[PDB]
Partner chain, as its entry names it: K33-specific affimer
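Next comes just one chain, in structure tokens: the form deposited without its partner chain.
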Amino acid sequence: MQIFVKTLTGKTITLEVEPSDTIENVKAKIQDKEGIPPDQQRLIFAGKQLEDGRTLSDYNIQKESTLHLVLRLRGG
């Protein structure tokens, strides 16, 4: 299915994913298109930070949802 991601510059991209894809998988797809490494990615949906080892299904993310990508902070 298709989902959208709002990237760091405000630009929207599309990804092709499955409900069983992990957040880790989803970060890897973003890296493949945009060149942003997974370790810099923090993904947010409906106000919640999404955690690596969970799936899209676990957060009830359906087709044509938009995820917001923000910087993952280092505390410095």
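Residues that one form lacks are left out of the comparison. Residue numbers count along the first chain shown, from 1. Superpose the two forms; the largest set of C-alphas matching within 1.5 Å is the rigid core.
The discussion below concerns the form solved in complex with its partner chain, not included here.
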Stretch 1-36: residues contacting its partner chain in the bound PDB entry, 4.5 Å heavy atom cut-off: 6, 7, 8, 9, 10
Using the core for the fit, does the CA position of residue 9 change by 2 Å or more between this form and the one not shown? yes
Consecutive-residue runs (3+) with Cα displacement of 2 Å or more between this form and the one not shown, core aligned: 7-10, 72-74
